[PDB]
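The structure under discussion appears below in the form of structure tokens.
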Amino acid sequence: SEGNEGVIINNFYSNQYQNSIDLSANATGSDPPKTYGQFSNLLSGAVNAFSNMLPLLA
Amino acid sequence: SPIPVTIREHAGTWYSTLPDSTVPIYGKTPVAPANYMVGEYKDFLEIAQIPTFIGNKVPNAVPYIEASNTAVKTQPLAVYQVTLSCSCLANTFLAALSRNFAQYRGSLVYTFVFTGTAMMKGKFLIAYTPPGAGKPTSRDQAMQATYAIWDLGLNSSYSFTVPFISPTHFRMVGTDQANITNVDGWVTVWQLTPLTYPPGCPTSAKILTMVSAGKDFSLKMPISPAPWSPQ
Amino acid sequence: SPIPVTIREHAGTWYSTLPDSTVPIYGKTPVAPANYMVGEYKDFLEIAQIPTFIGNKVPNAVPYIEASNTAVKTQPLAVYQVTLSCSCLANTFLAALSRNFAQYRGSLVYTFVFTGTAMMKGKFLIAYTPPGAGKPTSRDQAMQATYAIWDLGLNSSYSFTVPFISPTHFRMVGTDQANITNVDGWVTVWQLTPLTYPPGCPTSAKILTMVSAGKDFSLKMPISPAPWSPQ
Amino acid sequence: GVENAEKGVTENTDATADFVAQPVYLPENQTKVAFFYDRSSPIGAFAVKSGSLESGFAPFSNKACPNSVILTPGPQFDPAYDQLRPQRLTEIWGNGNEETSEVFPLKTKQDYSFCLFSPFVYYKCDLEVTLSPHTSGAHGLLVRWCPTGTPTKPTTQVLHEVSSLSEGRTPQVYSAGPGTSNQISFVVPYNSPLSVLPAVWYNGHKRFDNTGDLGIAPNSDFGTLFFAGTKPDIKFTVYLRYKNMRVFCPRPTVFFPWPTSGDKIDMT
Amino acid sequence: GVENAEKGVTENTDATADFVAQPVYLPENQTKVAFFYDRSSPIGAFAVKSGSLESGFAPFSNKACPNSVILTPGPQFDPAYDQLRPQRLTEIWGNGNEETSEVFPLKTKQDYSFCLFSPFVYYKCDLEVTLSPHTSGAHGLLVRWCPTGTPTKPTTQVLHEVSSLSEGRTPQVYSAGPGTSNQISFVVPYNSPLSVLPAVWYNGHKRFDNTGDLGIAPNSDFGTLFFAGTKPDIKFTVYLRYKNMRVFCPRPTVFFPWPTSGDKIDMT
Amino acid sequence: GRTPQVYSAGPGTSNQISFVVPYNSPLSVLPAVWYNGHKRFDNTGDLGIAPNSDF
């Protein structure tokens, strides 16, 4: 059930603050999101296709 | 635009049991998943129903009573006062649970497990006597109140329920002082017929005694018993 | 019409981490546009993934280990305890980040960059040993746990991930005292085959060692480490 | 009703099974576990050391009224090192330690009520803490709360003239003014790395070395509290309140002494 | 996984790449930058001069507990001119200045925690300030806040018998009564003319003359605070809280000393 | 214990304490003046007050 609290008013602090956050873990693991934000260093020119090419060795 | 307030006289008090919450200082904290967990209960009533052992022969307590090969109508095998304070119940979960509340209501269940030989035979008279005229002094007087006859045979135990008979809707859990000739009556156990046996068999047997709450049983108003030390 | 209030016992306290704001004294202040700005991040996890250098041979730390022309199964090239407290990790961003939190979870990534000659050849056995039976003492014992064989060739580095193997969902970041024979196990690096080379080439090479968080890695509950002075 | 208790389970009845009766049920909600522990109870008296408000913290106790406290309902202290940081114990220490001594009042710090009645093996909850100064005059109190398993040696003063408790980004609370109500209240989250906490005993060691000492599971508390303040002569009581309590696996409670007296008890 | 770190970028994995495993992700939000700095930490202890409430202000310090403070997490003070208006510094001064001296507690004023951990080159934020008197008795405090780059010499008393701090239309805050909680709180906006602020170092001079002194970029703070009050004997702590923090360009943090001891650390 | 305790003590309180308690007698209704009965069934005669008839 619930405890000993019987106030009519909506809790002034939201729940994620008033209480701990119950989480549940699934047995088989979970995939991290793909990206944690948009910060990134980028590697360009990695590959090919296009230059002063095919004078270039085989 | 600042809002006007009237400060109540009780400004600044702290109430140990306030129906409200306080200031959170470390929000957004996720917990460690505990979802694999089992065995949880949510109401004490959920487990108050499990029988635990009554202590006989206090303070040299044993979890049983002994039936003999003689039926003296004048001699009870046991006499329990129906009080959640009986020194008899002092260590049952019922009593340990109950001591944290002010009042109770409902059925009490006394369970007897016969532990003698399969070859033994016998009959017991278990009675509940409401208060008013004192405790019964012979099986003949007990037999005048609520009672059951327990016959020994294939089935090992007997569950006796003492009916809640009371003027008030609830009864106080604990005693202030000691409760006289009062309390709420008595559970007395008597032999109707003696334990009988064949040659080659012991002439007395132990009967395990336990107590539990009935489906009826209720408790209300949480408090704290007088503090004690187990030693 | 003034509203009646009940003052709580905690009246007047200041909470360093209160989930709330205070009084603004200089409103309607427009800022200097900073919209040309680049390089912003929003979560530490965003950069905890970038490998930084592990210190070898403390306190005469060097960012690398040395492979030789001999494979002694009895001699690890390195042994790291898997603790975000290892003096080994003390100056990695992972460790510097982690020291501001109470617990972590997830994958740790040990990256090795071979820096020897192109003419050299060799194979390493990198193993992760969970706790319980102590640290392995020979490549033969390490080989009994989680491990990978790293072959030298065109591709310069090797990224070894130590799997999060733990009874609890999370692990404590820092050590209180020192953690024994405990901690969470060990990463040991061994030679499988010796570094081989042709005539005219050095007979040992440096292997750069770095550490980072895996995509799995998480940290929780911000605190402050014990204060220190870099000098 | 005839029954067979050997099965390990016994059918529950009311007076209705064997006699001519009626069930007598009436609803109540005070027996729910959450409701029962959702009230404050004290764990002991504490003290602040002189001029702690402006210097390095150091373990110390006034009359076995220390300086810091571990947030846990279980026993802790050990009056023999009243001047050392407190620790969790596996037994409660009486008031005296020799025959002629007394059990109450206890010397260690614990939630005696919780100890006396916790019929469960494991539990999970949030902790509401109340600090109550034993004075109705001004009182200044600085508190530092450290999550379980984090640094608990708030010993180095880093800022000239500032308590070492008052350092960092670790939660610190401070009440001190002529118009306060002197008391402090707040609720802390659940920070053990453990999924659920041992309520009475934990049958295992601290290291895999099995340097044998069973009883307590590591990091199974709610953290440590450090105090600094201005009335080094006033003691304050610390109270715990279990917010949204959950318990698992019923188990036995503390033994109650046989009345080598009557056929009933009472009070005290 | 085979890789090539020379590219300057390394593919991230989980145990899943090389072995038979599963990812073990679980969400949390305490690692966001804004959340991390959105908590108060102290920068030092300050003092008020006698009878400043009714006279001309003048720089002064009590025990290297000055009179005014620059709102910045970086070092400032310079204990050698404890009687001069404080200034931002490019180094932190130990407690003593000779061998036999001590590093803690530091003499300069700074957010040591911010200093110890700020892995970014630039940042922007609003500043929440808390003034906490080290006393639980009445305390009167007058504060003058001047935006960065504005007049900071609140030296001329213009009104007979009124503090010179208490002059003009510049924000002034004052708490002083028998029923206050003694502490003061408020948040100031971001007033640097700069778009974003250097968090650690700024590689440039103050004038185009290149009268060479690199380190700090001009007007890169949140302003100056001046204090006047009634308890010239009570010191107060000043705390900073970064409201809606934004950081740009990761960079290295402060060096941590090699344990010329174990293979792990601890606390303190 | 866990028995309700209330405490007010600080330099900024109004000194007074206020609270309301529920009705806890096991009795259905309370005698307002007199209760014509004894305390035990022993009739150890002393009439007047009914047991547990307070708050």
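To be explicit about the labels: the chains of the structure tokens are called A, B, and onward in the order shown, and within each one the residues are counted from 1, while ligands get numbers from 1 in the order they are shown.
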
(Q) Using only C-alpha atoms and a distance of at most 12 Å, pull out the residues of chain D that contact chain A, as a PyMOL selection string. (A) chain D and resi 28-40+124-128+186-192+195+241-246

Using only N, CA, C and O atoms, please write the residues we just selected to a file, as a short mmCIF file (atom, residue, chain, number, x, y, z; two decimals), in the first residue's frame.
data_model
loop_
_atom_site.label_atom_id
_atom_site.label_comp_id
_atom_site.auth_asym_id
_atom_site.auth_seq_id
_atom_site.Cartn_x
_atom_site.Cartn_y
_atom_site.Cartn_z
N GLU D 28 -8.89 -2.47 8.14
CA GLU D 28 -7.88 -1.62 8.76
C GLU D 28 -6.67 -1.66 7.84
O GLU D 28 -6.44 -2.69 7.16
N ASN D 29 -5.92 -0.58 7.83
CA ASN D 29 -4.70 -0.47 7.02
C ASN D 29 -3.42 -0.15 7.78
O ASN D 29 -2.54 0.29 7.05
N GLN D 30 -3.50 -0.29 9.07
CA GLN D 30 -2.30 0.08 9.80
C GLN D 30 -1.44 -1.14 9.83
O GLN D 30 -0.39 -0.90 10.43
N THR D 31 -1.81 -2.26 9.27
CA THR D 31 -0.82 -3.37 9.37
C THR D 31 0.01 -3.45 8.10
O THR D 31 0.75 -4.45 7.98
N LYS D 32 -0.10 -2.50 7.18
CA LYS D 32 0.74 -2.63 5.98
C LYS D 32 2.15 -2.19 6.46
O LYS D 32 2.29 -1.21 7.19
N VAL D 33 3.09 -2.90 5.89
CA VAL D 33 4.49 -2.69 6.22
C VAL D 33 4.95 -1.26 6.01
O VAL D 33 5.61 -0.71 6.90
N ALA D 34 4.59 -0.71 4.87
CA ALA D 34 5.01 0.66 4.55
C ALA D 34 4.50 1.66 5.56
O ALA D 34 5.26 2.56 5.92
N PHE D 35 3.27 1.50 5.94
CA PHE D 35 2.64 2.38 6.92
C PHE D 35 3.32 2.22 8.28
O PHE D 35 3.61 3.17 9.03
N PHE D 36 3.58 0.98 8.61
CA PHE D 36 4.20 0.69 9.91
C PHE D 36 5.57 1.34 10.03
O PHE D 36 5.86 1.92 11.10
N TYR D 37 6.46 1.28 9.08
CA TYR D 37 7.78 1.89 9.28
C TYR D 37 7.86 3.34 8.87
O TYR D 37 8.97 3.89 9.07
N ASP D 38 6.77 3.89 8.31
CA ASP D 38 6.77 5.28 7.85
C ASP D 38 6.56 6.24 9.01
O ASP D 38 5.69 7.11 8.92
N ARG D 39 7.32 6.16 10.06
CA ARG D 39 7.28 7.00 11.27
C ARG D 39 8.73 7.05 11.78
O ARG D 39 9.54 6.09 11.61
N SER D 40 9.05 8.17 12.41
CA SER D 40 10.39 8.42 12.94
C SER D 40 10.69 7.76 14.27
O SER D 40 9.75 7.75 15.10
N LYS D 124 14.39 -2.55 1.41
CA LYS D 124 14.80 -1.48 0.47
C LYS D 124 13.94 -0.33 0.95
O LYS D 124 12.82 -0.69 1.39
N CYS D 125 14.36 0.90 0.90
CA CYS D 125 13.57 2.06 1.34
C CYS D 125 14.37 3.34 1.12
O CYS D 125 15.55 3.26 0.72
N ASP D 126 13.76 4.48 1.38
CA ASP D 126 14.50 5.77 1.25
C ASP D 126 14.60 6.21 2.73
O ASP D 126 13.78 5.67 3.51
N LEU D 127 15.56 7.07 3.04
CA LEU D 127 15.69 7.42 4.47
C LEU D 127 15.42 8.87 4.74
O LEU D 127 16.11 9.70 4.12
N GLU D 128 14.49 9.09 5.65
CA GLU D 128 14.17 10.49 6.04
C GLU D 128 14.89 10.76 7.34
O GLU D 128 14.68 9.93 8.23
N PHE D 186 15.48 16.11 6.10
CA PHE D 186 15.76 16.00 4.64
C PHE D 186 15.62 14.51 4.41
O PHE D 186 15.54 13.74 5.37
N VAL D 187 15.55 14.12 3.18
CA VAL D 187 15.44 12.68 2.84
C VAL D 187 16.52 12.40 1.80
O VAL D 187 16.79 13.20 0.87
N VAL D 188 17.18 11.30 1.97
CA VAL D 188 18.30 10.84 1.13
C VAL D 188 17.78 9.65 0.37
O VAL D 188 16.88 8.95 0.89
N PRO D 189 18.25 9.39 -0.84
CA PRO D 189 17.84 8.34 -1.75
C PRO D 189 18.27 6.95 -1.41
O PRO D 189 18.12 6.71 -0.22
N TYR D 190 18.62 5.98 -2.16
CA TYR D 190 18.93 4.64 -1.62
C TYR D 190 20.21 4.58 -2.39
O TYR D 190 20.06 4.81 -3.65
N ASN D 191 21.38 4.41 -1.79
CA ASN D 191 22.59 4.48 -2.64
C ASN D 191 23.41 3.23 -2.58
O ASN D 191 24.52 3.32 -3.17
N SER D 192 22.90 2.20 -1.92
CA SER D 192 23.79 1.01 -1.84
C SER D 192 23.89 0.43 -3.24
O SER D 192 22.89 0.57 -3.97
N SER D 195 21.17 -4.54 -4.49
CA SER D 195 19.78 -4.52 -4.95
C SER D 195 18.76 -4.35 -3.81
O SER D 195 17.76 -3.60 -3.94
N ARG D 241 13.44 7.63 9.49
CA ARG D 241 12.04 7.36 9.08
C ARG D 241 12.18 6.57 7.74
O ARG D 241 12.90 7.12 6.87
N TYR D 242 11.59 5.39 7.65
CA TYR D 242 11.72 4.59 6.43
C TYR D 242 10.63 4.97 5.47
O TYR D 242 9.45 4.75 5.77
N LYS D 243 11.05 5.54 4.37
CA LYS D 243 10.13 5.99 3.29
C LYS D 243 10.00 4.87 2.27
O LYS D 243 10.99 4.28 1.81
N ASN D 244 8.80 4.51 1.92
CA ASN D 244 8.36 3.45 1.01
C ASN D 244 9.13 2.12 1.24
O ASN D 244 9.69 1.64 0.23
N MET D 245 9.03 1.60 2.43
CA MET D 245 9.68 0.37 2.86
C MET D 245 9.26 -0.85 2.08
O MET D 245 8.06 -0.86 1.82
N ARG D 246 10.11 -1.78 1.73
CA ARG D 246 9.70 -3.01 1.05
C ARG D 246 10.53 -4.09 1.78
O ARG D 246 11.72 -3.78 1.98
#

For the contact check between chain B and chain A, emit one row per residue of chain B within 6 Å, containing the shortest atom pair and the distance in Å rounded to one decimal, counting only C-alpha atoms, chain then rising number order, as JSON lines.
{"residue": "B:19", "atom": "CA", "partner": "A:5", "partner_atom": "CA", "distance": 3.9}
{"residue": "B:20", "atom": "CA", "partner": "A:5", "partner_atom": "CA", "distance": 4.7}
{"residue": "B:24", "atom": "CA", "partner": "A:18", "partner_atom": "CA", "distance": 5.4}
{"residue": "B:27", "atom": "CA", "partner": "A:17", "partner_atom": "CA", "distance": 3.9}
{"residue": "B:28", "atom": "CA", "partner": "A:16", "partner_atom": "CA", "distance": 5.0}
{"residue": "B:29", "atom": "CA", "partner": "A:20", "partner_atom": "CA", "distance": 5.3}
{"residue": "B:30", "atom": "CA", "partner": "A:21", "partner_atom": "CA", "distance": 4.3}
{"residue": "B:31", "atom": "CA", "partner": "A:22", "partner_atom": "CA", "distance": 5.5}
{"residue": "B:33", "atom": "CA", "partner": "A:24", "partner_atom": "CA", "distance": 4.7}
{"residue": "B:35", "atom": "CA", "partner": "A:24", "partner_atom": "CA", "distance": 5.9}

Q. Within 9 Å of residue 204 of chain B, counting only C-alpha atoms, which residues qualify if same-chain residues fewer than 3 places away don't, as a VMD selection string?
A. chain B and resid 66 to 69 116 120 195

Q | Separation of atom CA of residue 223 of chain D from atom CA of residue 223 of chain C in Å | A | 12.3 Å

List every residue of chain D that has an atom at most 12 Å from any atom of chain E, and for each one report the closest atom pair and its distance in Å to one decimal, counting only C-alpha atoms, with rows sorted by chain and then by increasing residue number, as a Markdown table.
| residue | atom | partner | partner_atom | distance |
| --- | --- | --- | --- | --- |
| D:51 | CA | E:134 | CA | 10.2 |
| D:52 | CA | E:134 | CA | 10.6 |
| D:53 | CA | E:134 | CA | 7.0 |
| D:54 | CA | E:134 | CA | 8.0 |
| D:55 | CA | E:105 | CA | 9.4 |
| D:56 | CA | E:105 | CA | 9.2 |
| D:137 | CA | E:136 | CA | 9.5 |
| D:138 | CA | E:136 | CA | 5.7 |
| D:139 | CA | E:136 | CA | 5.7 |
| D:140 | CA | E:136 | CA | 5.1 |
| D:141 | CA | E:136 | CA | 8.7 |
| D:142 | CA | E:134 | CA | 9.8 |
| D:149 | CA | E:266 | CA | 10.7 |
| D:150 | CA | E:267 | CA | 8.6 |
| D:151 | CA | E:267 | CA | 5.6 |
| D:152 | CA | E:267 | CA | 7.5 |
| D:153 | CA | E:268 | CA | 6.4 |
| D:154 | CA | E:268 | CA | 7.6 |
| D:155 | CA | E:268 | CA | 7.2 |
| D:156 | CA | E:268 | CA | 7.0 |
| D:157 | CA | E:105 | CA | 5.4 |
| D:158 | CA | E:105 | CA | 4.3 |
| D:159 | CA | E:105 | CA | 4.9 |
| D:160 | CA | E:105 | CA | 4.9 |
| D:161 | CA | E:45 | CA | 6.0 |
| D:162 | CA | E:45 | CA | 6.1 |
| D:163 | CA | E:237 | CA | 9.4 |
| D:164 | CA | E:105 | CA | 9.2 |
| D:165 | CA | E:42 | CA | 10.8 |
| D:166 | CA | E:42 | CA | 7.3 |
| D:167 | CA | E:42 | CA | 6.4 |
| D:168 | CA | E:41 | CA | 5.5 |
| D:169 | CA | E:41 | CA | 5.4 |
| D:170 | CA | E:41 | CA | 8.4 |
| D:171 | CA | E:39 | CA | 8.3 |
| D:172 | CA | E:40 | CA | 8.8 |
| D:173 | CA | E:40 | CA | 10.6 |
| D:174 | CA | E:132 | CA | 8.6 |
| D:175 | CA | E:181 | CA | 7.9 |
| D:176 | CA | E:136 | CA | 4.2 |
| D:177 | CA | E:136 | CA | 4.1 |
| D:178 | CA | E:137 | CA | 5.1 |
| D:179 | CA | E:179 | CA | 4.2 |
| D:180 | CA | E:181 | CA | 5.9 |
| D:181 | CA | E:181 | CA | 9.6 |
| D:182 | CA | E:136 | CA | 9.5 |
| D:228 | CA | E:134 | CA | 10.9 |
| D:229 | CA | E:134 | CA | 8.9 |
| D:230 | CA | E:135 | CA | 7.2 |
| D:231 | CA | E:136 | CA | 9.2 |

Q: Provide the atom CA of residue 15 of chain B to atom CA of residue 68 of chain D distance in Å, to one decimal place.
A: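 It comes out at 24.2 Å.
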
Q.
I need the residues in segment 38-222 of chain C that are alpha helix (DSSP H) according to DSSP; give them as an MDAnalysis selection string.
A. chainID C and resid 93:98 139:142

For the contact check between chain B and chain C, emit one row per residue of chain B within 8 Å, containing the shortest atom pair and the distance in Å rounded to one decimal, counting only C-alpha atoms, chain then rising number order, as a Markdown table.
| residue | atom | partner | partner_atom | distance |
| --- | --- | --- | --- | --- |
| B:3 | CA | C:2 | CA | 7.7 |
| B:4 | CA | C:2 | CA | 4.8 |
| B:5 | CA | C:3 | CA | 4.4 |
| B:6 | CA | C:4 | CA | 4.4 |
| B:7 | CA | C:5 | CA | 5.4 |
| B:8 | CA | C:6 | CA | 5.7 |
| B:10 | CA | C:6 | CA | 7.0 |
| B:11 | CA | C:7 | CA | 4.7 |
| B:12 | CA | C:9 | CA | 4.5 |
| B:13 | CA | C:9 | CA | 5.3 |
| B:14 | CA | C:9 | CA | 5.2 |
| B:24 | CA | C:18 | CA | 7.3 |
| B:25 | CA | C:18 | CA | 5.5 |
| B:26 | CA | C:17 | CA | 6.7 |
| B:27 | CA | C:19 | CA | 7.2 |
| B:29 | CA | C:221 | CA | 6.7 |
| B:30 | CA | C:220 | CA | 7.9 |
| B:32 | CA | C:169 | CA | 5.9 |
| B:33 | CA | C:169 | CA | 7.2 |

Would you put the residues from that selection into a file with N, CA, C and O atoms, as a CSV table (one decimal), in the first residue's frame?
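To be explicit, this is the file written out as part.csv:
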chain,number,residue,atom,x,y,z
B,3,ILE,N,2.5,37.2,-1.0
B,3,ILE,CA,1.3,36.8,-0.4
B,3,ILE,C,1.3,36.8,1.2
B,3,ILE,O,2.2,36.3,1.8
B,4,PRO,N,0.2,37.4,1.7
B,4,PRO,CA,0.1,37.6,3.2
B,4,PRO,C,-0.2,36.3,3.9
B,4,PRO,O,-1.2,35.6,3.5
B,5,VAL,N,0.5,35.9,4.9
B,5,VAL,CA,0.2,34.7,5.7
B,5,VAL,C,0.0,35.0,7.2
B,5,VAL,O,0.6,36.0,7.7
B,6,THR,N,-0.7,34.1,7.8
B,6,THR,CA,-1.0,34.2,9.2
B,6,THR,C,-0.2,33.0,9.9
B,6,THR,O,-0.5,31.8,9.5
B,7,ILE,N,0.8,33.2,10.7
B,7,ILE,CA,1.5,32.1,11.3
B,7,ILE,C,0.8,31.4,12.5
B,7,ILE,O,0.5,32.1,13.4
B,8,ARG,N,0.6,30.2,12.4
B,8,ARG,CA,-0.1,29.4,13.4
B,8,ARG,C,0.8,29.3,14.7
B,8,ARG,O,2.0,29.3,14.6
B,10,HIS,N,1.4,26.9,16.5
B,10,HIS,CA,2.3,25.8,16.6
B,10,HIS,C,3.6,25.9,15.7
B,10,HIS,O,4.3,24.9,15.5
B,11,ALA,N,3.8,27.1,15.2
B,11,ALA,CA,5.0,27.3,14.3
B,11,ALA,C,6.3,26.7,14.8
B,11,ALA,O,6.6,26.9,16.0
B,12,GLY,N,7.0,26.0,14.0
B,12,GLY,CA,8.3,25.3,14.3
B,12,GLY,C,8.2,23.9,14.9
B,12,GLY,O,9.3,23.4,15.1
B,13,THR,N,7.1,23.3,15.3
B,13,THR,CA,7.1,22.0,15.9
B,13,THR,C,7.4,20.8,15.0
B,13,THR,O,7.2,20.9,13.8
B,14,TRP,N,7.9,19.7,15.5
B,14,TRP,CA,8.3,18.5,14.7
B,14,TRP,C,7.4,17.4,15.3
B,14,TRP,O,7.2,17.2,16.5
B,24,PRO,N,13.9,16.9,-0.2
B,24,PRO,CA,14.8,15.9,-0.9
B,24,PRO,C,16.1,16.6,-1.2
B,24,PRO,O,16.1,17.7,-1.7
B,25,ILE,N,17.2,16.0,-1.0
B,25,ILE,CA,18.5,16.8,-1.3
B,25,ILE,C,19.3,16.1,-2.4
B,25,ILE,O,20.3,16.8,-2.8
B,26,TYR,N,19.0,14.9,-2.8
B,26,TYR,CA,19.9,14.3,-3.8
B,26,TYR,C,19.0,13.7,-4.9
B,26,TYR,O,19.1,12.4,-4.9
B,27,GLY,N,18.3,14.5,-5.6
B,27,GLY,CA,17.4,13.9,-6.7
B,27,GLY,C,18.0,13.3,-7.9
B,27,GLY,O,19.3,13.3,-8.1
B,29,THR,N,18.2,10.2,-8.6
B,29,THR,CA,19.1,9.1,-8.4
B,29,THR,C,18.5,7.7,-8.8
B,29,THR,O,17.6,7.3,-8.1
B,30,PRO,N,19.0,7.1,-9.8
B,30,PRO,CA,18.4,5.8,-10.2
B,30,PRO,C,19.0,4.8,-9.2
B,30,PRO,O,20.1,4.9,-8.8
B,32,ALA,N,19.5,0.5,-8.1
B,32,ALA,CA,20.0,-0.8,-8.7
B,32,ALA,C,18.8,-1.7,-8.8
B,32,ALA,O,18.2,-2.0,-7.7
B,33,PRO,N,18.5,-2.1,-10.0
B,33,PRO,CA,17.3,-2.9,-10.3
B,33,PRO,C,17.3,-4.1,-9.4
B,33,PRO,O,18.3,-4.8,-9.2

Q: Would you work out the distance separating atom CA of residue 172 of chain B from atom CA of residue 148 of chain B, expressed in Å to one decimal?
A: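 If I compute the distance from atom CA of residue 172 of chain B to atom CA of residue 148 of chain B, I get 26.8 Å.
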
Q. Quick one: of B:142, B:128, B:102, B:184, who's nearest to residue 25 of chain F, counting only C-alpha atoms?
A.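 Going through B:142, B:128, B:102, B:184 one by one, the smallest distance to residue 25 of chain F is for B:102.
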
Give me the chain C side of the contact with chain E, cut-off 6 Å, one line per residue showing its nearest atom pair and distance in Å at one decimal, counting only C-alpha atoms, sorted by chain and residue number, as a Markdown table.
| residue | atom | partner | partner_atom | distance |
| --- | --- | --- | --- | --- |
| C:12 | CA | E:181 | CA | 5.2 |
| C:16 | CA | E:40 | CA | 5.1 |
| C:17 | CA | E:39 | CA | 5.0 |
| C:22 | CA | E:186 | CA | 5.4 |
| C:23 | CA | E:186 | CA | 4.6 |
| C:24 | CA | E:187 | CA | 5.1 |
| C:32 | CA | E:195 | CA | 5.3 |
| C:34 | CA | E:195 | CA | 4.8 |
| C:39 | CA | E:249 | CA | 5.0 |
| C:40 | CA | E:248 | CA | 4.0 |
| C:42 | CA | E:33 | CA | 5.5 |
| C:43 | CA | E:32 | CA | 4.1 |
| C:44 | CA | E:31 | CA | 5.6 |
| C:59 | CA | E:258 | CA | 5.3 |
| C:85 | CA | E:264 | CA | 4.9 |
| C:86 | CA | E:264 | CA | 4.0 |
| C:87 | CA | E:264 | CA | 4.7 |
| C:91 | CA | E:256 | CA | 5.9 |
| C:107 | CA | E:14 | CA | 5.7 |
| C:155 | CA | E:4 | CA | 5.9 |
| C:156 | CA | E:4 | CA | 5.2 |
| C:157 | CA | E:3 | CA | 4.9 |
| C:158 | CA | E:2 | CA | 4.5 |
| C:159 | CA | E:1 | CA | 5.2 |
| C:161 | CA | E:15 | CA | 5.6 |
| C:163 | CA | E:15 | CA | 5.0 |
| C:175 | CA | E:266 | CA | 4.5 |
| C:176 | CA | E:266 | CA | 4.8 |
| C:177 | CA | E:266 | CA | 5.6 |
| C:214 | CA | E:13 | CA | 5.3 |
| C:215 | CA | E:13 | CA | 5.9 |
| C:216 | CA | E:25 | CA | 5.1 |
| C:220 | CA | E:30 | CA | 5.9 |
| C:226 | CA | E:268 | CA | 4.6 |
| C:230 | CA | E:256 | CA | 5.4 |

(Q) Taking only C-alpha atoms into account and nothing else, which residues of chain F lie no more than 12 Å away from chain E? Please answer as JSON, numbers by chain. (A) {"F": [10, 11, 12, 13, 14]}

Selection from above, N, CA, C and O atoms, as a compact mmCIF listing (two decimals), in the first residue's frame, can you write it?
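Result file out26.txt:
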# COMPACT_ATOMS: atom_id res chain seq x y z
N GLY F 10 13.15 26.02 19.64
CA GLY F 10 14.04 26.84 18.81
C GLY F 10 13.74 28.29 19.22
O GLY F 10 12.72 28.63 19.87
N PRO F 11 14.70 29.10 18.83
CA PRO F 11 14.65 30.54 19.05
C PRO F 11 13.59 31.20 18.19
O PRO F 11 13.24 32.36 18.57
N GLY F 12 13.10 30.60 17.12
CA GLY F 12 12.06 31.23 16.29
C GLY F 12 10.66 30.63 16.30
O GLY F 12 9.81 30.88 15.39
N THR F 13 10.37 29.79 17.28
CA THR F 13 9.06 29.10 17.42
C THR F 13 8.07 30.06 18.02
O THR F 13 8.50 31.18 18.35
N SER F 14 6.83 29.66 18.15
CA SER F 14 5.81 30.50 18.78
C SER F 14 5.52 29.86 20.11
O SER F 14 4.50 30.25 20.63

Determine, using only C-alpha atoms, which residues of chain F have any atom at most 9 Å from an atom of chain B, and tabulate each with its shortest atom pair and distance in Å to one decimal place, rows ordered by chain and then rising number, as CSV.
residue,atom,partner,partner_atom,distance
F:1,CA,B:224,CA,5.5
F:2,CA,B:224,CA,5.6
F:3,CA,B:223,CA,4.8
F:4,CA,B:16,CA,5.8
F:5,CA,B:16,CA,5.3
F:6,CA,B:15,CA,4.5
F:7,CA,B:14,CA,5.2
F:8,CA,B:13,CA,4.2
F:9,CA,B:13,CA,7.3
F:10,CA,B:12,CA,7.5
F:12,CA,B:12,CA,7.3
F:13,CA,B:12,CA,4.9
F:14,CA,B:9,CA,5.5
F:15,CA,B:10,CA,6.9
F:16,CA,B:10,CA,5.0
F:17,CA,B:10,CA,4.5
F:18,CA,B:10,CA,5.6
F:19,CA,B:10,CA,8.6
F:24,CA,B:221,CA,8.3
F:26,CA,B:170,CA,5.6
F:27,CA,B:168,CA,6.0
F:28,CA,B:168,CA,7.2
F:40,CA,B:182,CA,6.9
F:41,CA,B:132,CA,5.9
F:42,CA,B:181,CA,7.7
F:52,CA,B:172,CA,8.9

Q: Run DSSP on the backbone of this structure and report the residues of segment 198-264 of chain E it assigns to strand (DSSP E or B), as JSON, numbers by chain.
A: {"E": [198, 202, 215, 224, 225, 226, 227, 228, 229, 236, 237, 238, 239, 240, 241, 242, 243, 244, 245, 246, 247, 248, 249, 250]}
